[PDB]
Amino acid sequence: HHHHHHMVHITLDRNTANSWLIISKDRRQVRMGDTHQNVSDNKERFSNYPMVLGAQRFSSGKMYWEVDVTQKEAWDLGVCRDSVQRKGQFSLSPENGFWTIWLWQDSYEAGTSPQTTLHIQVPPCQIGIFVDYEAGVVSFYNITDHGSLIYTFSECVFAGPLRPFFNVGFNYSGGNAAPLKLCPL
Ligand SMILES: C[C@@H]1CN(C(=O)c2cnsn2)[C@H](C)CO1
């Protein structure tokens, strides 16, 4: 892909984070803590899952960023509407305002409804995410495999400002503590 030139500097919004997440001082890394992280509750926080939004809101243009997923067993990545539900149980789907992919139990799937099997020969250590607001496109790239395409959502109906979306996943297994990291430009 030739999307690198639309690179944007993403930072995490502490106020949206699940109360168990630990966001680095530079707001570029997030991981699951082993307990509640001693923050007050607010209507922005994802309550049920280890999720957080980027601070940046996008309503036009072309945007690109990269995320490091090294050694994780489970995660969700992509973009979502600024108005997505924060409290209770929900599925990741375009109908709910999410355009995401994930790793879970040694398989990769796109967050369609129902979910779509992805075909990845080289397990990615870094993921590229490209958003074309006007075209209604969200694309995912395997940086580890020379930028190969993973998945394209097309004909997207964003229906509002978009925010970068992250889920570090649970760590029931003891093998998923590693952070998500926003990679340098
Ligand atoms: C998702 C976080 C943590 N959590 C858990 O239920 C949990 C599960 N294993 S450890 N923490 C809260 C009840 C909700 O916020």
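For the sequence shown, the numbering used here gives the first residue as 607, with consecutive numbering after it. All C-beta atoms in this analysis are idealised placements derived from N, C-alpha and C, irrespective of residue type, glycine included.
Relative to ligand 1, is the shortest distance from any of its heavy atoms to the C-beta of residue i smaller than 6 angstroms?
i	result
residue 656	yes
residue 705	no
residue 681	no
residue 748	no
residue 782	no
residue 773	no
residue 624	yes
Could you tell me how far apart the beta carbons of residue i and residue j are, in whole angstroms, since I believe they sit closer than 8 angstroms?
i	j	result
residue 655	residue 624	7 angstroms
residue 782	residue 657	Contact doesn't hold; Cβ gap of about 14 angstroms is too wide.
residue 758	residue 743	6 angstroms
residue 731	residue 750	5 angstroms
residue 708	residue 682	4 angstroms
Distance, Cα to Cα, residue i vs residue j?
i	j	result
residue 788	residue 637	12 angstroms
residue 693	residue 627	16 angstroms
residue 651	residue 619	10 angstroms
residue 714	residue 725	8 angstroms
residue 631	residue 617	10 angstroms
The region 685-697 in contact with the region 763-773 per 3-pair CB rule at 8 angstroms: yes
Three or more C-beta pairs below 8 angstroms linking the region 656-675 and the region 739-753: yes
The region 641-653 in contact with the region 717-730 per 3-pair CB rule at 8 angstroms: no
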